[PDB]
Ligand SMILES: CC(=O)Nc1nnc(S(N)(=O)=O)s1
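So this first bit is one chain, no partners, the form solved without the ligand, shown in structure tokens.
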């Protein structure tokens, strides 16, 4: 595609103009992320989302837009009675989703594809508190420059990054980075996980800028809770 970023002429408000592939960024009515609030959410009988992850990390990469751990694709979650395989997880500071108009300092996205290429993203909010042992396995080898990949020595257990309480918000949205494709199932856990001040600072300094897309209009959607 074409070069995109978070500020200036290539920032989020301009993404739809940068490449024909990115049209959804501007024409889409079901875009992500969103604000999750009292007026837009509705109590619903949402199925438990069961997690069956494995330790098949390949590497960690700094791609200039995030820090991402690329997985082998063997582990999966179950959504809508189907297996969605974990391909990668990556991070944003501050959070992309907001709750009652407020950001969390950090948000992790676990990106899954089913047999037919349909996408489900699990979102986990982080608050500052105790050091996160699982996050540290990745952080201790975080690539400091864009384009760098590092082989991970410790075994990665992505399940340990999820909250203990697995209650979630669900809505139909989009990828939050170009091409901002729609038909994406979002599963955003209600309970935040903790990370240390130091862990958050390390990520923010390595990135050097906020890498969150602004929240998008809910339009016709309800968020299920």
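Shifts are known only where both forms have a C-alpha. Positions refer to the first chain, counted from 1. In this text, rigid core is short for the largest set of C-alphas that superpose within 1.5 Å between two forms.
Beyond what is shown, the protein has a form deposited with the ligand bound; the following relates to that form.
Partner contacts here mean any heavy atom within 4.5 Å of the ligand in the entry with it bound, and among 77-85, 148-156, 129-137, 105-113 they occur only in 105-113. Every residue in the set 96, 177 and 186 has a non-hydrogen atom no more than 4.5 Å from the ligand in the entry with it bound. Looking at residue 124, you'd find every heavy atom of it more than 4.5 angstroms from the ligand in the entry with it bound. Core-superposed comparison between the shown form and the other one: among 159, 40, 198, 167, the single residue whose C-alpha moves by 2 Å or more is 40. The pair residue 167 and residue 39 is tighter in the entry with it bound: their Cα-Cα distance falls by no less than 3 Å compared with this form. Listed alone, the shifted run between the shown form and the other one is 38-40, counting only residues present in both forms whose C-alphas move 2 Å or more over at least three consecutive positions once the core is aligned.
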